[PDB]
Amino acid sequence: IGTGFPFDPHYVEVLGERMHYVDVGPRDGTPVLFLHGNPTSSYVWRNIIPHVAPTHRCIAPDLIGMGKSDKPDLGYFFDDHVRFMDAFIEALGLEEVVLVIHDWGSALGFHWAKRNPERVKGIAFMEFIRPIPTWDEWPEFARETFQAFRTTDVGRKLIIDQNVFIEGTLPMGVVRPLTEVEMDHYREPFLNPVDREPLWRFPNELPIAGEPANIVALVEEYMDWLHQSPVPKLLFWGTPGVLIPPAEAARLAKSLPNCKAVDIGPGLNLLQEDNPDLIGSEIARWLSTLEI
Ligand SMILES: *CCCCCCOCCOCCNC(=O)c1ccc2c(c1)[C@]1(c3ccc(N)cc3[Si](C)(C)c3cc(NC)ccc31)N(C#N)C2=O
Ligand SMILES: [Cl-]
């Protein structure tokens with residue numbers, strides 16, 4: 001699996017801040033918008049995009065506060081990311097899009113899709129945000145960790161002072177061992193502890209056991225939208241997963257209309273790091289079946 005990131009940097013001013021993004025592939029045609037989550041960046045797409053860019057434009061932004069994007073003094077609530085992603089999509093003048101989304105990137109993509117349904121030609125998604133009704137539906141191995149994350153005192157000392165979301169959660173989200181070069185790429189935006197606020201606010205926003213109820217409600221709404229939408233859907237899943245265990249992937253593959261599900265083999269959260277070749281080639285094949 002490749003550790004390089006060859007893409008030329010592109011930047012765009014969004015709401016007064018500079019955001020970075022990858023932009024490759026043909027300039028014509030429907031673009032494919034790749035949205036990463038916590039605590040990654042466009043780096044998480046580096047081995048997927050080269051499968052897609054020969055036939056379709058690939059756009060991969062770094063979320064505000066993340067990757068090579070600027071670091072405004074925000075709370076980095078989900079609502080902050082929604083505002084910046086909305087403004088990024090409009091700054092690039094995108095019209096219709098295909099989404100490829102993961103983790104908090106999927107909460108962004110699904111929520112944008114619900115509000116802009118005529119502009120979404122397909123959604124590929126993996127290890128995505130859905131409501132977790134009780135802590136029992138969270139993986140046992142990860143339960144005490146995430147309960148501690150979701151506190152002001154203990155959670156900030158773990159995530160901000162000790163950088164535990166980068167040095168622990170991230171490699172614990174990949175089945176294979178991440179290399180030192182790959183870790184350094186994920187570390188780069190967060191070398192300064194003051195810049196780690198998004199790493200801590202994100203898990204405090206996760207819709208688990210009914211809280212925070214505003215996120216639970218927003219996620220419920222876009223899942224209800226997704227269940228009733230004819231949009232083409234491509235779901236990647238792994239064993240044992242984290243957000244989407246295999247029994248949930250099986251349930252969704254039946255319940256979501258127009259859905260193809262792909263078993264990538266072993267995986268936790270960052271499926272892209274365990275089987276990028278299958279995810280990228282399967283996306284390129286799925287795209288070639290779409291009306292775009
Ligand atoms: C958008 C959602 C993204 C999900 C990304 C990946 O999520 C899945 C993995 O997240 C990490 C979940 N925690 C564990 O898997 C785990 C399992 C056992 C033990 C820990 C954590 C433990 C630990 C062990 C080694 C290191 N280097 C660090 C850690 Si901690 C500081 C993250 C930790 C904290 C807590 N309480 C807050 C309990 C255990 C750990 N640990 C120890 N000691 C384990 O035995
Ligand atoms: Cl998170």
# chains A, B, ... in the order shown; residues from 1 in each chain; ligands from 1
>>> select_by_dssp(residues="region 79-219 of chain A", states="strand (DSSP E)", output="list in words")
residues 97, 98, 99, 100, 101, 102, 103, 120, 121, 122, 123, 124, 125, 126, 127 and 128 of chain A
>>> write_last_selection(atoms="N, CA, C and O atoms", output="PDB file, in the first residue's frame")
ATOM      1  N   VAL A  97     -22.831  16.185  -8.411  1.00  0.00           N
ATOM      2  CA  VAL A  97     -21.636  15.527  -7.881  1.00  0.00           C
ATOM      3  C   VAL A  97     -21.969  14.074  -7.592  1.00  0.00           C
ATOM      4  O   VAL A  97     -23.133  13.688  -7.442  1.00  0.00           O
ATOM      5  N   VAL A  98     -20.926  13.260  -7.532  1.00  0.00           N
ATOM      6  CA  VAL A  98     -20.970  11.951  -6.901  1.00  0.00           C
ATOM      7  C   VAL A  98     -20.174  12.065  -5.613  1.00  0.00           C
ATOM      8  O   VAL A  98     -19.084  12.642  -5.622  1.00  0.00           O
ATOM      9  N   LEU A  99     -20.724  11.543  -4.507  1.00  0.00           N
ATOM     10  CA  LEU A  99     -20.078  11.591  -3.199  1.00  0.00           C
ATOM     11  C   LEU A  99     -19.344  10.282  -2.932  1.00  0.00           C
ATOM     12  O   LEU A  99     -19.872   9.204  -3.185  1.00  0.00           O
ATOM     13  N   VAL A 100     -18.147  10.385  -2.353  1.00  0.00           N
ATOM     14  CA  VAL A 100     -17.439   9.236  -1.766  1.00  0.00           C
ATOM     15  C   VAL A 100     -17.045   9.672  -0.360  1.00  0.00           C
ATOM     16  O   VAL A 100     -16.213  10.571  -0.211  1.00  0.00           O
ATOM     17  N   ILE A 101     -17.639   9.067   0.666  1.00  0.00           N
ATOM     18  CA  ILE A 101     -17.610   9.672   1.984  1.00  0.00           C
ATOM     19  C   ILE A 101     -17.350   8.641   3.072  1.00  0.00           C
ATOM     20  O   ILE A 101     -17.681   7.462   2.933  1.00  0.00           O
ATOM     21  N   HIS A 102     -16.786   9.121   4.196  1.00  0.00           N
ATOM     22  CA  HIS A 102     -16.295   8.260   5.268  1.00  0.00           C
ATOM     23  C   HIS A 102     -16.394   8.979   6.608  1.00  0.00           C
ATOM     24  O   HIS A 102     -16.024  10.151   6.703  1.00  0.00           O
ATOM     25  N   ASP A 103     -16.875   8.271   7.639  1.00  0.00           N
ATOM     26  CA  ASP A 103     -16.818   8.778   9.012  1.00  0.00           C
ATOM     27  C   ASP A 103     -17.508  10.148   9.045  1.00  0.00           C
ATOM     28  O   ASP A 103     -18.640  10.275   8.531  1.00  0.00           O
ATOM     29  N   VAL A 120     -27.130  15.196  -6.383  1.00  0.00           N
ATOM     30  CA  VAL A 120     -26.313  14.045  -5.990  1.00  0.00           C
ATOM     31  C   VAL A 120     -26.670  12.887  -6.917  1.00  0.00           C
ATOM     32  O   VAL A 120     -27.808  12.403  -6.909  1.00  0.00           O
ATOM     33  N   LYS A 121     -25.689  12.456  -7.729  1.00  0.00           N
ATOM     34  CA  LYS A 121     -25.857  11.398  -8.724  1.00  0.00           C
ATOM     35  C   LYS A 121     -25.494  10.015  -8.196  1.00  0.00           C
ATOM     36  O   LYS A 121     -25.796   9.010  -8.855  1.00  0.00           O
ATOM     37  N   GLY A 122     -24.879   9.934  -7.025  1.00  0.00           N
ATOM     38  CA  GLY A 122     -24.567   8.659  -6.431  1.00  0.00           C
ATOM     39  C   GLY A 122     -23.824   8.882  -5.141  1.00  0.00           C
ATOM     40  O   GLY A 122     -23.241   9.955  -4.955  1.00  0.00           O
ATOM     41  N   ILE A 123     -23.824   7.897  -4.240  1.00  0.00           N
ATOM     42  CA  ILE A 123     -23.078   8.007  -2.987  1.00  0.00           C
ATOM     43  C   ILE A 123     -22.409   6.670  -2.731  1.00  0.00           C
ATOM     44  O   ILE A 123     -23.089   5.640  -2.645  1.00  0.00           O
ATOM     45  N   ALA A 124     -21.069   6.666  -2.696  1.00  0.00           N
ATOM     46  CA  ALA A 124     -20.309   5.561  -2.135  1.00  0.00           C
ATOM     47  C   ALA A 124     -19.899   5.937  -0.708  1.00  0.00           C
ATOM     48  O   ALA A 124     -19.452   7.059  -0.447  1.00  0.00           O
ATOM     49  N   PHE A 125     -20.063   5.017   0.220  1.00  0.00           N
ATOM     50  CA  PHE A 125     -19.869   5.343   1.617  1.00  0.00           C
ATOM     51  C   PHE A 125     -19.376   4.108   2.329  1.00  0.00           C
ATOM     52  O   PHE A 125     -19.548   2.981   1.850  1.00  0.00           O
ATOM     53  N   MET A 126     -18.739   4.345   3.473  1.00  0.00           N
ATOM     54  CA  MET A 126     -18.068   3.295   4.217  1.00  0.00           C
ATOM     55  C   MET A 126     -17.866   3.807   5.627  1.00  0.00           C
ATOM     56  O   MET A 126     -17.576   4.992   5.816  1.00  0.00           O
ATOM     57  N   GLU A 127     -18.050   2.929   6.602  1.00  0.00           N
ATOM     58  CA  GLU A 127     -17.816   3.255   8.001  1.00  0.00           C
ATOM     59  C   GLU A 127     -18.342   4.658   8.337  1.00  0.00           C
ATOM     60  O   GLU A 127     -17.618   5.571   8.756  1.00  0.00           O
ATOM     61  N   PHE A 128     -19.663   4.791   8.192  1.00  0.00           N
ATOM     62  CA  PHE A 128     -20.299   6.095   8.171  1.00  0.00           C
ATOM     63  C   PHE A 128     -21.069   6.327   9.476  1.00  0.00           C
ATOM     64  O   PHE A 128     -21.264   5.416  10.284  1.00  0.00           O
TER      65      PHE A 128
END
>>> residues_around(residues="residue 228 (chain A)", least_positions_apart="6", cutoff="10 Å", atoms="only C-alpha atoms", output="ChimeraX atom specification")
/A:222,255-257
>>> residues_near_ligand(ligand="ligand 2", cutoff="9 Å", atoms="only C-alpha atoms and all ligand atoms", output="number ranges by chain")
A: 37-39, 103-104, 146, 165, 198-206
>>> closest_residue(among="A:132, A:279, A:292, A:231", to="residue 215 (chain A)", atoms="only C-alpha atoms")
A:132
>>> select_by_dssp(residues="region 10-146 of chain A", states="helix (DSSP H, G or I)", output="count of residues only")
47
>>> residues_around(residues="residue 289 (chain A)", least_positions_apart="6", cutoff="12 Å", atoms="only C-alpha atoms", output="PyMOL selection string")
chain A and resi 121-122+232-234+260+282-283
>>> residues_around(residues="region 43-52 of chain A", least_positions_apart="3", cutoff="7 Å", atoms="only C-alpha atoms", output="ChimeraX atom specification")
/A:2,5,36,40,55-56,58,272,276-277,279-281,284
>>> residues_near_ligand(ligand="ligand 1", cutoff="6 Å", atoms="only C-alpha atoms and all ligand atoms", output="number ranges by chain")
A: 38, 103-104, 141-142, 144-145, 148, 164, 168-170, 172-173, 242, 269
>>> write_last_selection(atoms="C-alpha atoms", output="tab-separated table (two decimals), in the first residue's frame")
chain	number	residue	atom	x	y	z
A	38	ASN	CA	-11.66	12.23	12.03
A	103	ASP	CA	-16.82	8.78	9.01
A	104	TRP	CA	-17.57	12.50	9.66
A	141	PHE	CA	-13.26	-2.92	22.59
A	142	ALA	CA	-13.78	0.80	21.94
A	144	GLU	CA	-14.52	2.76	27.60
A	145	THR	CA	-12.15	4.73	25.34
A	148	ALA	CA	-13.69	8.91	28.24
A	164	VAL	CA	-4.35	10.02	21.74
A	168	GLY	CA	-3.94	5.51	19.50
A	169	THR	CA	-7.39	5.75	17.90
A	170	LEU	CA	-6.04	6.13	14.37
A	172	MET	CA	-6.52	1.16	16.28
A	173	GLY	CA	-8.84	1.99	13.38
A	242	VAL	CA	-16.37	-0.04	14.04
A	269	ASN	CA	-12.73	2.22	10.60
>>> closest_residue(among="A:93, A:16, A:67, A:105", to="residue 185 (chain A)", atoms="only C-alpha atoms")
A:67
>>> atom_distance(atom1="CA of residue 175 (chain A)", atom2="CA of residue 270 (chain A)")
8.7 Å
>>> closest_residue(among="A:258, A:89, A:209, A:178", to="residue 109 (chain A)", atoms="only C-alpha atoms")
A:89
